[PDB]
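> Okay, so here is model_5.cif, and as you'll see once you scroll down, it has mmCIF, N, CA and C atoms.
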```
data_upload
#
loop_
_atom_site.group_PDB
_atom_site.id
_atom_site.type_symbol
_atom_site.label_atom_id
_atom_site.label_comp_id
_atom_site.auth_asym_id
_atom_site.auth_seq_id
_atom_site.Cartn_x
_atom_site.Cartn_y
_atom_site.Cartn_z
ATOM 1 N N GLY Q 18 121.662 121.485 152.829
ATOM 2 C CA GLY Q 18 120.323 120.839 152.725
ATOM 3 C C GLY Q 18 119.549 120.904 154.024
ATOM 4 N N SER Q 19 118.360 121.497 153.977
ATOM 5 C CA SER Q 19 117.546 121.654 155.175
ATOM 6 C C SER Q 19 116.773 120.369 155.448
ATOM 7 N N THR Q 20 116.810 119.914 156.694
ATOM 8 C CA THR Q 20 116.207 118.645 157.068
ATOM 9 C C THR Q 20 114.764 118.846 157.526
ATOM 10 N N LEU Q 21 114.005 117.747 157.492
ATOM 11 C CA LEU Q 21 112.569 117.827 157.730
ATOM 12 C C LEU Q 21 112.257 118.386 159.115
ATOM 13 N N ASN Q 22 113.081 118.056 160.112
ATOM 14 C CA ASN Q 22 112.800 118.509 161.471
ATOM 15 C C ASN Q 22 112.981 120.013 161.644
ATOM 16 N N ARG Q 23 113.553 120.704 160.658
ATOM 17 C CA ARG Q 23 113.749 122.145 160.731
ATOM 18 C C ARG Q 23 112.754 122.926 159.882
ATOM 19 N N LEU Q 24 111.826 122.250 159.208
ATOM 20 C CA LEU Q 24 110.749 122.959 158.533
ATOM 21 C C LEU Q 24 109.922 123.732 159.556
ATOM 22 N N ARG Q 25 109.337 124.844 159.113
ATOM 23 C CA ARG Q 25 108.396 125.560 159.963
ATOM 24 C C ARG Q 25 107.325 124.594 160.456
ATOM 25 N N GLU Q 26 106.847 124.821 161.665
ATOM 26 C CA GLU Q 26 105.953 123.864 162.291
ATOM 27 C C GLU Q 26 104.599 123.745 161.579
ATOM 28 N N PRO Q 27 104.008 124.848 161.089
ATOM 29 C CA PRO Q 27 102.723 124.683 160.368
ATOM 30 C C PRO Q 27 102.856 123.809 159.129
ATOM 31 N N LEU Q 28 103.960 123.957 158.394
ATOM 32 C CA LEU Q 28 104.202 123.104 157.234
ATOM 33 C C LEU Q 28 104.374 121.648 157.650
ATOM 34 N N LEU Q 29 105.217 121.401 158.659
ATOM 35 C CA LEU Q 29 105.369 120.048 159.181
ATOM 36 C C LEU Q 29 104.020 119.460 159.566
ATOM 37 N N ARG Q 30 103.174 120.263 160.216
ATOM 38 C CA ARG Q 30 101.891 119.770 160.698
ATOM 39 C C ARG Q 30 100.972 119.410 159.543
ATOM 40 N N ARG Q 31 100.914 120.261 158.518
ATOM 41 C CA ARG Q 31 100.085 119.956 157.354
ATOM 42 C C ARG Q 31 100.572 118.691 156.652
ATOM 43 N N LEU Q 32 101.886 118.595 156.423
ATOM 44 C CA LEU Q 32 102.433 117.396 155.801
ATOM 45 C C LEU Q 32 102.072 116.154 156.607
ATOM 46 N N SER Q 33 102.180 116.239 157.937
ATOM 47 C CA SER Q 33 101.925 115.073 158.777
ATOM 48 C C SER Q 33 100.450 114.691 158.766
ATOM 49 N N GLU Q 34 99.553 115.677 158.806
ATOM 50 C CA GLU Q 34 98.128 115.379 158.705
ATOM 51 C C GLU Q 34 97.818 114.674 157.390
ATOM 52 N N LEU Q 35 98.316 115.225 156.279
ATOM 53 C CA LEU Q 35 98.050 114.617 154.980
ATOM 54 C C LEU Q 35 98.595 113.197 154.915
ATOM 55 N N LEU Q 36 99.809 112.972 155.429
ATOM 56 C CA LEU Q 36 100.364 111.624 155.391
ATOM 57 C C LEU Q 36 99.599 110.677 156.310
ATOM 58 N N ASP Q 37 99.044 111.195 157.410
ATOM 59 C CA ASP Q 37 98.208 110.368 158.269
ATOM 60 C C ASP Q 37 96.921 109.966 157.564
ATOM 61 N N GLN Q 38 96.434 110.799 156.642
ATOM 62 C CA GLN Q 38 95.205 110.465 155.928
ATOM 63 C C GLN Q 38 95.417 109.510 154.758
ATOM 64 N N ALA Q 39 96.655 109.306 154.305
ATOM 65 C CA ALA Q 39 96.889 108.521 153.102
ATOM 66 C C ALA Q 39 96.389 107.088 153.271
ATOM 67 N N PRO Q 40 96.173 106.378 152.161
ATOM 68 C CA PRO Q 40 95.842 104.949 152.258
ATOM 69 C C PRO Q 40 97.052 104.122 152.665
ATOM 70 N N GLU Q 41 96.768 102.946 153.232
ATOM 71 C CA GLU Q 41 97.819 102.092 153.773
ATOM 72 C C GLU Q 41 98.867 101.717 152.735
ATOM 73 N N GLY Q 42 98.530 101.785 151.441
ATOM 74 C CA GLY Q 42 99.518 101.506 150.412
ATOM 75 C C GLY Q 42 100.506 102.629 150.191
ATOM 76 N N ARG Q 43 100.208 103.829 150.698
ATOM 77 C CA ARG Q 43 101.078 104.989 150.536
ATOM 78 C C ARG Q 43 101.101 105.839 151.803
ATOM 79 N N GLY Q 44 100.984 105.202 152.967
ATOM 80 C CA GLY Q 44 100.954 105.906 154.232
ATOM 81 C C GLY Q 44 102.319 106.002 154.879
ATOM 82 N N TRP Q 45 102.308 106.365 156.165
ATOM 83 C CA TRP Q 45 103.565 106.574 156.871
ATOM 84 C C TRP Q 45 104.329 105.272 157.069
ATOM 85 N N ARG Q 46 103.628 104.145 157.217
ATOM 86 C CA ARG Q 46 104.324 102.871 157.358
ATOM 87 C C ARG Q 46 105.058 102.497 156.077
ATOM 88 N N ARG Q 47 104.407 102.664 154.924
ATOM 89 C CA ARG Q 47 105.076 102.390 153.657
ATOM 90 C C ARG Q 47 106.249 103.340 153.445
ATOM 91 N N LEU Q 48 106.057 104.625 153.759
ATOM 92 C CA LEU Q 48 107.160 105.574 153.672
ATOM 93 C C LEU Q 48 108.330 105.126 154.535
ATOM 94 N N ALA Q 49 108.048 104.665 155.753
ATOM 95 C CA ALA Q 49 109.109 104.208 156.641
ATOM 96 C C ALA Q 49 109.830 103.004 156.056
ATOM 97 N N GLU Q 50 109.076 101.998 155.603
ATOM 98 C CA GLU Q 50 109.693 100.821 154.996
ATOM 99 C C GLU Q 50 110.632 101.226 153.864
ATOM 100 N N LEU Q 51 110.118 102.021 152.923
ATOM 101 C CA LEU Q 51 110.913 102.422 151.767
ATOM 102 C C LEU Q 51 112.145 103.209 152.192
ATOM 103 N N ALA Q 52 111.959 104.250 153.006
ATOM 104 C CA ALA Q 52 113.077 105.101 153.390
ATOM 105 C C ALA Q 52 114.108 104.351 154.221
ATOM 106 N N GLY Q 53 113.676 103.360 155.004
ATOM 107 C CA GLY Q 53 114.596 102.583 155.807
ATOM 108 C C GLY Q 53 115.324 101.507 155.045
ATOM 109 N N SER Q 54 114.808 101.118 153.877
ATOM 110 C CA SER Q 54 115.597 100.279 152.981
ATOM 111 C C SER Q 54 117.004 100.847 152.814
ATOM 112 N N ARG Q 55 117.099 102.151 152.548
ATOM 113 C CA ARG Q 55 118.373 102.807 152.294
ATOM 114 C C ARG Q 55 119.405 102.518 153.377
ATOM 115 N N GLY Q 56 120.669 102.771 153.082
ATOM 116 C CA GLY Q 56 121.705 102.757 154.084
ATOM 117 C C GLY Q 56 121.831 104.098 154.792
ATOM 118 N N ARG Q 57 121.434 105.178 154.108
ATOM 119 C CA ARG Q 57 121.545 106.503 154.715
ATOM 120 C C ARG Q 57 120.525 106.682 155.834
ATOM 121 N N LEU Q 58 119.285 106.257 155.605
ATOM 122 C CA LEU Q 58 118.257 106.250 156.634
ATOM 123 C C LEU Q 58 118.033 104.814 157.095
ATOM 124 N N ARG Q 59 118.348 104.545 158.358
ATOM 125 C CA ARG Q 59 118.070 103.265 158.996
ATOM 126 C C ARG Q 59 116.896 103.464 159.946
ATOM 127 N N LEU Q 60 115.806 102.741 159.701
ATOM 128 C CA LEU Q 60 114.580 102.869 160.488
ATOM 129 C C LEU Q 60 114.091 101.456 160.792
ATOM 130 N N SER Q 61 114.346 100.982 162.008
ATOM 131 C CA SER Q 61 113.899 99.657 162.397
ATOM 132 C C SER Q 61 112.437 99.698 162.839
ATOM 133 N N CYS Q 62 111.846 98.510 162.988
ATOM 134 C CA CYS Q 62 110.490 98.432 163.522
ATOM 135 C C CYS Q 62 110.404 99.059 164.906
ATOM 136 N N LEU Q 63 111.481 98.965 165.690
ATOM 137 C CA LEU Q 63 111.487 99.563 167.020
ATOM 138 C C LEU Q 63 111.488 101.083 166.939
ATOM 139 N N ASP Q 64 112.243 101.651 165.996
ATOM 140 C CA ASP Q 64 112.161 103.089 165.762
ATOM 141 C C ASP Q 64 110.729 103.505 165.453
ATOM 142 N N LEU Q 65 110.039 102.727 164.617
ATOM 143 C CA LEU Q 65 108.714 103.087 164.140
ATOM 144 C C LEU Q 65 107.619 102.835 165.164
ATOM 145 N N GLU Q 66 107.857 101.959 166.140
ATOM 146 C CA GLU Q 66 106.844 101.700 167.155
ATOM 147 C C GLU Q 66 106.531 102.960 167.953
ATOM 148 N N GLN Q 67 107.555 103.761 168.259
ATOM 149 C CA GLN Q 67 107.328 104.977 169.032
ATOM 150 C C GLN Q 67 106.453 105.962 168.274
ATOM 151 N N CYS Q 68 106.547 105.977 166.945
ATOM 152 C CA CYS Q 68 105.656 106.815 166.152
ATOM 153 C C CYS Q 68 104.259 106.207 166.062
ATOM 154 N N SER Q 69 104.181 104.892 165.861
ATOM 155 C CA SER Q 69 102.886 104.222 165.839
ATOM 156 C C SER Q 69 102.094 104.523 167.103
ATOM 157 N N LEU Q 70 102.777 104.572 168.245
ATOM 158 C CA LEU Q 70 102.077 104.752 169.512
ATOM 159 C C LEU Q 70 101.489 106.151 169.677
ATOM 160 N N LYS Q 71 101.950 107.136 168.898
ATOM 161 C CA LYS Q 71 101.403 108.484 169.028
ATOM 162 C C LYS Q 71 99.887 108.485 168.873
ATOM 163 N N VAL Q 72 99.349 107.555 168.083
ATOM 164 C CA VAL Q 72 97.918 107.484 167.844
ATOM 165 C C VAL Q 72 97.137 107.217 169.122
ATOM 166 N N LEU Q 73 97.822 106.842 170.205
ATOM 167 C CA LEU Q 73 97.165 106.632 171.490
ATOM 168 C C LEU Q 73 96.836 107.941 172.193
ATOM 169 N N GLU Q 74 97.509 109.032 171.825
ATOM 170 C CA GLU Q 74 97.184 110.354 172.340
ATOM 171 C C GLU Q 74 96.083 110.975 171.480
ATOM 172 N N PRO Q 75 95.127 111.680 172.098
ATOM 173 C CA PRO Q 75 93.863 111.976 171.375
ATOM 174 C C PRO Q 75 94.050 112.506 169.972
ATOM 175 N N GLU Q 76 94.944 113.472 169.778
ATOM 176 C CA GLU Q 76 95.195 114.065 168.475
ATOM 177 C C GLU Q 76 96.563 113.678 167.920
ATOM 178 N N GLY Q 77 97.165 112.613 168.453
ATOM 179 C CA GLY Q 77 98.542 112.301 168.104
ATOM 180 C C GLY Q 77 98.696 111.926 166.645
ATOM 181 N N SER Q 78 99.901 112.147 166.132
ATOM 182 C CA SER Q 78 100.212 111.916 164.723
ATOM 183 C C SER Q 78 101.433 111.019 164.587
ATOM 184 N N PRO Q 79 101.277 109.776 164.127
ATOM 185 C CA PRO Q 79 102.470 108.977 163.801
ATOM 186 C C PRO Q 79 103.314 109.606 162.704
ATOM 187 N N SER Q 80 102.677 110.271 161.737
ATOM 188 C CA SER Q 80 103.407 110.828 160.606
ATOM 189 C C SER Q 80 104.317 111.967 161.038
ATOM 190 N N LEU Q 81 103.885 112.780 162.004
ATOM 191 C CA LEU Q 81 104.749 113.853 162.489
ATOM 192 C C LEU Q 81 105.987 113.280 163.164
ATOM 193 N N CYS Q 82 105.799 112.268 164.014
ATOM 194 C CA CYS Q 82 106.931 111.582 164.627
ATOM 195 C C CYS Q 82 107.874 111.034 163.562
ATOM 196 N N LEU Q 83 107.316 110.378 162.539
ATOM 197 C CA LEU Q 83 108.155 109.774 161.509
ATOM 198 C C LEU Q 83 108.929 110.836 160.734
ATOM 199 N N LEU Q 84 108.254 111.915 160.331
ATOM 200 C CA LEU Q 84 108.921 112.953 159.551
ATOM 201 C C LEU Q 84 110.016 113.627 160.370
ATOM 202 N N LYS Q 85 109.744 113.916 161.645
ATOM 203 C CA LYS Q 85 110.780 114.492 162.497
ATOM 204 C C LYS Q 85 111.968 113.545 162.627
ATOM 205 N N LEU Q 86 111.699 112.258 162.858
ATOM 206 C CA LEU Q 86 112.781 111.287 162.992
ATOM 207 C C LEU Q 86 113.592 111.183 161.709
ATOM 208 N N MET Q 87 112.917 111.161 160.558
ATOM 209 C CA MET Q 87 113.621 111.136 159.280
ATOM 210 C C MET Q 87 114.481 112.383 159.115
ATOM 211 N N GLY Q 88 113.976 113.535 159.554
ATOM 212 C CA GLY Q 88 114.774 114.748 159.495
ATOM 213 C C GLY Q 88 116.032 114.649 160.333
ATOM 214 N N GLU Q 89 115.875 114.282 161.608
ATOM 215 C CA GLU Q 89 117.034 114.082 162.475
ATOM 216 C C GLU Q 89 118.040 113.130 161.836
ATOM 217 N N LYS Q 90 117.554 112.123 161.113
ATOM 218 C CA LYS Q 90 118.417 111.182 160.410
ATOM 219 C C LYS Q 90 118.937 111.741 159.093
ATOM 220 N N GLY Q 91 118.640 113.003 158.789
ATOM 221 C CA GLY Q 91 119.260 113.693 157.678
ATOM 222 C C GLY Q 91 118.423 113.870 156.432
ATOM 223 N N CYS Q 92 117.129 113.566 156.483
ATOM 224 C CA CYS Q 92 116.299 113.626 155.289
ATOM 225 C C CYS Q 92 115.884 115.065 154.996
ATOM 226 N N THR Q 93 116.006 115.467 153.737
ATOM 227 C CA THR Q 93 115.597 116.781 153.274
ATOM 228 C C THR Q 93 114.239 116.693 152.582
ATOM 229 N N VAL Q 94 113.700 117.860 152.224
ATOM 230 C CA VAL Q 94 112.374 117.896 151.619
ATOM 231 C C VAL Q 94 112.390 117.244 150.241
ATOM 232 N N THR Q 95 113.429 117.506 149.445
ATOM 233 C CA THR Q 95 113.486 116.912 148.112
ATOM 234 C C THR Q 95 113.658 115.399 148.203
ATOM 235 N N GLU Q 96 114.419 114.922 149.191
ATOM 236 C CA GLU Q 96 114.539 113.479 149.394
ATOM 237 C C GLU Q 96 113.209 112.877 149.842
ATOM 238 N N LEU Q 97 112.436 113.622 150.642
ATOM 239 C CA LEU Q 97 111.099 113.162 151.009
ATOM 240 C C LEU Q 97 110.203 113.047 149.781
ATOM 241 N N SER Q 98 110.233 114.062 148.912
ATOM 242 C CA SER Q 98 109.437 114.007 147.691
ATOM 243 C C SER Q 98 109.875 112.850 146.803
ATOM 244 N N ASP Q 99 111.180 112.586 146.740
ATOM 245 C CA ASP Q 99 111.665 111.441 145.978
ATOM 246 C C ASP Q 99 111.111 110.140 146.550
ATOM 247 N N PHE Q 100 111.159 109.994 147.880
ATOM 248 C CA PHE Q 100 110.588 108.807 148.515
ATOM 249 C C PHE Q 100 109.107 108.661 148.179
ATOM 250 N N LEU Q 101 108.353 109.762 148.240
ATOM 251 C CA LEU Q 101 106.909 109.684 148.013
ATOM 252 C C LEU Q 101 106.588 109.322 146.564
ATOM 253 N N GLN Q 102 107.333 109.890 145.612
ATOM 254 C CA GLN Q 102 107.155 109.507 144.215
ATOM 255 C C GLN Q 102 107.487 108.035 144.004
ATOM 256 N N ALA Q 103 108.583 107.571 144.608
ATOM 257 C CA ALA Q 103 108.917 106.155 144.543
ATOM 258 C C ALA Q 103 107.791 105.306 145.123
ATOM 259 N N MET Q 104 107.143 105.792 146.185
ATOM 260 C CA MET Q 104 106.026 105.059 146.775
ATOM 261 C C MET Q 104 104.884 104.917 145.776
ATOM 262 N N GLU Q 105 104.480 106.031 145.159
ATOM 263 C CA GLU Q 105 103.424 105.973 144.147
ATOM 264 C C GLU Q 105 103.761 104.948 143.062
ATOM 265 N N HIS Q 106 104.973 105.054 142.507
ATOM 266 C CA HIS Q 106 105.370 104.172 141.415
ATOM 267 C C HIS Q 106 105.355 102.710 141.850
ATOM 268 N N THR Q 107 105.970 102.410 142.996
ATOM 269 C CA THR Q 107 106.022 101.032 143.460
ATOM 270 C C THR Q 107 104.634 100.503 143.781
ATOM 271 N N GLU Q 108 103.716 101.370 144.215
ATOM 272 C CA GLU Q 108 102.350 100.915 144.441
ATOM 273 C C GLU Q 108 101.729 100.425 143.140
ATOM 274 N N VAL Q 109 101.805 101.245 142.089
ATOM 275 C CA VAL Q 109 101.170 100.832 140.837
ATOM 276 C C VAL Q 109 101.862 99.587 140.280
ATOM 277 N N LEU Q 110 103.189 99.506 140.426
ATOM 278 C CA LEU Q 110 103.900 98.319 139.957
ATOM 279 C C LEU Q 110 103.454 97.072 140.715
ATOM 280 N N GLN Q 111 103.291 97.180 142.036
ATOM 281 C CA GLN Q 111 102.842 96.037 142.823
ATOM 282 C C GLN Q 111 101.441 95.612 142.411
ATOM 283 N N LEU Q 112 100.559 96.582 142.161
ATOM 284 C CA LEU Q 112 99.208 96.243 141.723
ATOM 285 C C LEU Q 112 99.228 95.536 140.374
ATOM 286 N N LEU Q 113 100.114 95.956 139.475
ATOM 287 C CA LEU Q 113 100.189 95.353 138.152
ATOM 288 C C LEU Q 113 101.067 94.108 138.099
ATOM 289 N N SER Q 114 101.712 93.728 139.200
ATOM 290 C CA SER Q 114 102.583 92.553 139.109
ATOM 291 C C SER Q 114 101.816 91.296 139.524
ATOM 292 N N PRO Q 115 101.988 90.184 138.790
ATOM 293 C CA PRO Q 115 101.218 88.965 139.074
ATOM 294 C C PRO Q 115 101.746 88.188 140.276
#
```
Take the structure in this file and express it as structure tokens.

Amino acid sequence: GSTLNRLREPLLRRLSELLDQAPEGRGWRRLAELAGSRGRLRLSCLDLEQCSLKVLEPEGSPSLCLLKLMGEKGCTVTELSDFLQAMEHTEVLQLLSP
């Protein structure tokens, strides 16, 4: 299984730009929360602060930092897609829950 940090760089960059543009209900922070729920991927708030801070650099991307970190922690592309689909579903469920 190929991990996210080993994807070609243009693909990583496009994915990270798109995830940086997402709404807060399905952005990189929500992805981090969901993926860090797992036991396989452990992502604390301290892990995520270093990615959050990338936005302080003129063109910096928190999403690129997060995706690379998830890759180093063993996440593959299909597992990323699974996380993102789970995000969509949980968003609509949260909106519909009283």
> Can you list, as a PyMOL selection string, the residues that the PyMOL selection byres ((chain Q and resi 34-49) around 7) selects here?
chain Q and resi 29-33+50-54+60+78-81+100-101+104-105+108
> Return the single residue from Q:57, Q:99, Q:26, Q:75 that is closest to residue 87 in chain Q, with distances computed using only C-alpha atoms.
Q:57
> Between CA of residue 77 in chain Q and CA of residue 62 in chain Q, measure the distance and give it in Å to one decimal.
18.9 Å
> Which distance in Å separates CA of residue 82 in chain Q and atom C of residue 68 in chain Q, to one decimal?
6.2 Å
> Measuring between only N, CA and C atoms, which one of Q:18, Q:23, Q:114, Q:70 shows the shortest distance to residue 84 in chain Q?
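Of Q:18, Q:23, Q:114, Q:70, the one nearest residue 84 in chain Q is Q:23, counting only N, CA and C atoms.
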> Go ahead and fit an axis-aligned box to every listed atom of range 28-44 of chain Q plus 3 Å each side, and pass me the centre and edge lengths in Å, one decimal, as AutoDock Vina command-line options.

```
--center_x 100.3 --center_y 112.7 --center_z 155.4 --size_x 16.2 --size_y 28.5 --size_z 16.5
```
> Give me, please, the distance in Å between atom N of residue 96 in chain Q and atom C of residue 21 in chain Q, quoted to one decimal.
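It comes out at 10.7 Å.
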> Please identify which residues in chain Q DSSP calls alpha helix (DSSP H) from the backbone, and express them as a PyMOL selection string.
chain Q and resi 26-38+45-54+62-69+79-89+94-113
